[PDB]
């Protein structure tokens, strides 16, 4: 109902490669759960939405941003993002699906190193 739940674990994996977002929604909420037991310092996960072509730059700038969820603040490339979470925690984001109509969007964890394994597509659907 204009909401989806994505899982993440101690093995550097999301449980999906595609998040479908209905453009019939005024707002869409994505909740990330961390089902592992490791702390966010060593196995932190977030969910960060940006154009495929912007994601590499978003990763690189996220490195210097550990105290802001490994996302450079005020970054126009980032449509939305959750907080960084550790084992047993959850964080949500809210976005306007209309913001995704202008490109091909991806999601990833921007915790340094995680992005190559923890990424996928964000897909507008009916």
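Numbering follows the first chain given and starts at 1.
Chemist: With respect to the recorded C-alpha B factors, which stretch has the higher mean value, 29-37 or 42-50?
Modeler: Looking at the record's C-alpha B-factors, the answer is 29-37.
Chemist: Out of 13-21 and 105-113, which one has CA B-factors that are higher on average in the deposited record?
Modeler: Here the higher of the two C-alpha B-factor means belongs to 13-21.
Chemist: Take the CA temperature factors straight from the PDB entry and tell me which of 55, 79, 84, 71 peaks.
Modeler: Spelled out: the listed residue with the top C-alpha B-factor is 55.
Chemist: Residue 62's Cα B-factor: lowest, middle or highest third of the chain?
Modeler: For residue 62, whose C-alpha B-factor we compare with every modelled residue in the chain, the answer is the middle third.
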